[PDB]
Amino acid sequence: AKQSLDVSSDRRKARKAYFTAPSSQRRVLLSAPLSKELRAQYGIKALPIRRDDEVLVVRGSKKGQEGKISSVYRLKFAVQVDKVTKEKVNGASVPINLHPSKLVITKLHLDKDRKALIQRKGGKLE
Amino acid sequence: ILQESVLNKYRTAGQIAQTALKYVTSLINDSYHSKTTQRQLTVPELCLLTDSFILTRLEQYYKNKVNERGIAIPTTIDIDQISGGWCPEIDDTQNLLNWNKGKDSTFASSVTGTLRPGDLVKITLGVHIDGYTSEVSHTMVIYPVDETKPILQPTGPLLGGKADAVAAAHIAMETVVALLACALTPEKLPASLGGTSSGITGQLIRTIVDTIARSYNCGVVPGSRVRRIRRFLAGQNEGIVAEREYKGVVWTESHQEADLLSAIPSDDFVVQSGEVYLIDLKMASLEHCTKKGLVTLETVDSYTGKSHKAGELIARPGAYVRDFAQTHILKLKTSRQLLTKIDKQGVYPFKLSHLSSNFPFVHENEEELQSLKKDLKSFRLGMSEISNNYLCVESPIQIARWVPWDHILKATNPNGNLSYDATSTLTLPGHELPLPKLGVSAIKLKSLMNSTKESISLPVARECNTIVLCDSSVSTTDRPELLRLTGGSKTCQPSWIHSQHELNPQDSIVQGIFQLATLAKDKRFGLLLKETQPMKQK
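Listed in order, the protein sequences are those of chains A and B.
Each residue of the first sequence is one higher than the last, beginning at 2 in full-length UniProt numbering.
What the second sequence shows, in full-length UniProt numbering, is residues 19 to 280, 303 to 578, in sequence order.
Pasting the structure below:
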């Protein structure tokens with residue numbers, strides 16, 4: 002149960018907030034957990050998913066498939082992985098929209114900012 | 019059907035083309051290699067003087083006897099990555115400088131018009147008489163001049179991927195000439211290369227050319243062909259105008275896809313006697329390609345606002361093509377007069393400077409050049425309305441580009457076969473499928489090429505000849521022989537190059553090539569290859 006008077010339990014307000022959230026909030030909303038090995042290596046549980054990291058699909062019909070994040074389509078709350086597609090006979094290939102909470106990060110794309118994020122979340126890289 | 023008169027017309031056109039090519043080679047050597055000339059000639063000046071020399075030589079032959087004669091392919095000079103279509107007008111120099119201000123230095127030779135050491139300069143020109151066409155194209159190399167030596171010679175050979183491309187193109191030209199000459203004496207074809215009772219096929223042509231390109235670590239640029247030439251139908255505009263009947267062998271991105279996996305041209309033909317064949321070969325160096333990729337072409341426009349890319353060339357094509365199936369009465373008098381002159385020209389691609397009454401100039405004068413430019417400004421005014429109503433089209437400027445296969449495989453196209461560029465002016469390349477097996481269209485492939493960061497450009501070398509298969513009756517000496525109308529050891533003499541590759545002799549196709557070279561070098565009991573000689577000038 003909530004204890005703050007500044008937090009709302011109203012379903013209508015929560016859903017309006019989710020569906021009108023801007024792009025910077027959608028980045029936080031589209032977080033993904035790390036794998037077991039990465040979790041032990043970095044000491045953190047989940048990160049906001051970004052464009053160049055490698056994932057494992059752990060739910061849905063495409064379960065067990067791996068690949069690199071191709072795009073983070075925040076407008077449609079989805080991510081697209083390069084190896085996870087649907088094909089037609091005329092040669093068409095349509096990316097599968099995957100939700101990042103149904104993925105698992107297996108390799109992180111590290112930069113200065115990402116390292117700072119891990120270290121301020123309590124990571125212990127290298 | 020061949021005849022003495024047809025053969026004579028082909029011989030005359032070929033001699034004119036050889037003389038023009040020798041003239042431009044001498045001009046390049048005087049401007050950059052001999053360095054005796056005070057002023058260095060630039061590319062548009064070279065093209066203009068070449069066209070004038072061709073017209074003045076052609077005026078003397080077949081007067082009041084032939085309905086149509088003139089320049090078949092306007093003089094084109096291409097540099098390195100630029101694979102064709104570069105015949106700029108003289109009134110576009112300041113335009114090119116202004117357009118390419120703030121760009122890279124990669125196309126500096128073409129932007130400025132001044133050649134630079136190490137450049138692969140490809141010269142292409144063709145002459146038609148009564149619709150009987152002879153075309154020639156030769157790659158040469160620009161070298162720095164030595165100083166210590168008494169005699170002007172290069173400091174060293176051309177080295178690297180450009181040398182690989184030049185060698186591949188030259189050896190492919192020689193081997194194809196020998197193979198097509200073996201069609202007249204089929205019993206002389208080497209046993210391993212093909213059957214003693216078997217003829218020459220486009221399959222054999224393709225596999226020999228591919229073997230040579232693979233040996234020299236080069237690709238075959240998708241514009242290459244070995245086709246048959248008929249009266250008024252020489253493929254003078256192959257990517258623009260369609261043809262009812264086609265007999266020859268082409269290379270495309272589709273052929274590259276099929277090779278990696280293993303009106304429509306097909307290699308299911310036998311080379312027959314008494315025919316004229318054009319062989320045009322472009323070899324692209326794959327020196328900087330550390331992976332396996334696809335060789336394609338990027339088209340040049342005149343819009344500097346279409347992107348922010350630093351290594352992009354901005355230019356406007358100089359050659360136009362008249363579409364005689366389209367009729368529309370223009371509203372400008374200048375436009376109507378220009379259309380009358382364009383219809384006077386013919387079914388060959390033309391330059392606006394070719395349409396001036398002053399051109400060709402009797403005496404190269406400053407006032408003559410000024411009068412030509414004065415005509416040229418009004419010609420541009422008329423040309424804008426002529427092209428706005430689809431009466432003429434531009435023959436494109438193309439750059440050879442390399443796209444790696446992993447990007448194509450990872451890319452997703454939601455439309456597949458159905459996607460096509462509907463804003464394209466020309467129907468033939470607009471409705472194109474470079475990858476029939478993968479369902480990747482031309483517009484999709486252009487998008488992938490532009491999106492790649494590893495899509496680089498490739499230097500290209502070019503060799504193109506015209507040959508006639510003269511029978512026992514048609515030839516002088518009562519034996520069949522191959523008459524090379526243009527090209528050979530007098531005009532298309534190779535530059536000084538050195539390559540680290542060679543054909544590995546442990547291949548049957550390579551052994552057949554070597555046997556063909558032996559039979560060519562034999563002049564008594566082998567192949568008879570009679571080369572057309574340039575006429576004298578001074």
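Ideal placement from N, C-alpha and C gives every residue a C-beta, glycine not left out.
| Asked | Found |
| --- | --- |
| Same chain, Cβ closer than 8 Å to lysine 3 (chain A), five either side skipped, listed in chain order | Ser10 |
| N- and C-terminal bounds of the alpha helix (DSSP H) containing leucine 378 (chain B) | 373-385 |
| For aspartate 83 (chain A) and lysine 37 (chain A), the rounded distance between their alpha carbons | 23 Å |
| Contact list for the region 67-90 of chain A against chain B, Cβ threshold 7 Å | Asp83, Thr86 and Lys89 |
| At least 3 beta-carbon pairs within less than 8 Å: the region 28-36 of chain B vs the region 108-116 of chain A | no |
| Minimum length 4: unbroken alpha helix (DSSP H) runs contained in the region 114-193 of chain B | 126-130 |
| Burial state of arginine 441 (chain B) (16 or more Cβ within 10 Å) | buried |
| Beta-carbon gap between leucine 45 (chain B) and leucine 64 (chain B) smaller than 8 Å | yes |
| Alpha carbon of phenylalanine 125 (chain B) to alpha carbon of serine 396 (chain B), nearest angstrom | 30 Å |
| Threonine 452 (chain B) at chain A interface by Cβ criterion, 8 Å | yes |
| Residues that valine 95 (chain A) contacts on chain B, provided the C-beta gap is smaller than 8 Å | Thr452 and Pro454 |
| Exposure of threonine 55 (chain B), with buried meaning 16 or more beta-carbon neighbours within 10 Å | exposed |
| Straight-line gap, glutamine 377 (chain B) to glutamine 410 (chain B) (C-alpha atoms, nearest Å) | 21 Å |
| Contact belief for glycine 212 (chain B) with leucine 222 (chain B) at Cβ below 8 Å, rounded distance in angstroms | 6 Å |
| Where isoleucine 169 (chain B) falls, given that 16 or more other Cβ within 10 Å makes a residue buried | exposed |
| Inter-residue spacing [alpha-carbon to alpha-carbon] between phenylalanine 390 (chain B) and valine 73 (chain A) | 51 Å |
| Closest by C-alpha distance to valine 335 (chain B), when choosing among B:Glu275, B:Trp536, B:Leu59 and B:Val163 | B:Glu275 |
| Beta-carbon neighbours of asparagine 457 (chain B), restricted to chain A and to distances below 9 Å | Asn91, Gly92 and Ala93 |
| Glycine 68 (chain A) (DSSP reduced to helix, strand or coil) | strand |
| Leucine 30 (chain A): first and last residue of the uninterrupted alpha helix (DSSP H) it sits in | 24-30 |
| Residue burial classification, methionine 575 (chain B) (beta-carbon count within 10 angstroms, cutoff 16) | exposed |
| Beta carbon proximity, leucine 478 (chain B) to chain A, threshold 8 Å | yes |
| Which listed residue (B:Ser481, B:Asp320, B:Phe401 and B:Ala355) has its alpha carbon closest to that of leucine 66 (chain B) | B:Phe401 |
| Unbroken beta strand (DSSP E) run spanning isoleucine 91 (chain B), endpoints | 87-97 |
| Own chain partners of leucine 421 (chain B) with C-beta closer than 7 Å, once the 5 adjacent residues on each side are dropped | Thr374 |
| Cβ contact (3+ pairs, closer than 8 Å) linking the region 175-183 of chain B and the region 549-561 of chain B | no |
| Where the beta strand (DSSP E) through residue 282 (chain B) begins and ends | In the model as presented, chain B runs from 280 straight to 303, which leaves residue 282 (chain B) without coordinates. |
| 8 Å Cβ cutoff met for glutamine 99 (chain B) and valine 500 (chain B) | yes |
| Cβ pair count under 8 Å reaching 3, the region 464-472 of chain B against the region 510-517 of chain B | no |
| Backbone CA spacing between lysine 332 (chain B) and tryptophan 445 (chain B) [nearest angstrom] | 6 Å |
| Beta-carbon proximity of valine 310 (chain B) to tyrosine 360 (chain B), cut-off 8 Å | no |
| Of the listed residues B:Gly88, B:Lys27, B:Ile97 and B:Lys83, nearest to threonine 60 (chain B) (C-alpha basis) | B:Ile97 |
| Whole-number beta carbon distance between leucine 372 (chain B) and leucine 431 (chain B), since they are thought to touch under 8 Å | That pair is no contact at about 12 Å. |
| DSSP three-state assignment for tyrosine 360 (chain B), whether helix, strand or coil | strand |
| Spatially closest choice to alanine 231 (chain B) from B:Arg243, B:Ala185, B:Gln21 and B:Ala38, by CA coordinates | B:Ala185 |
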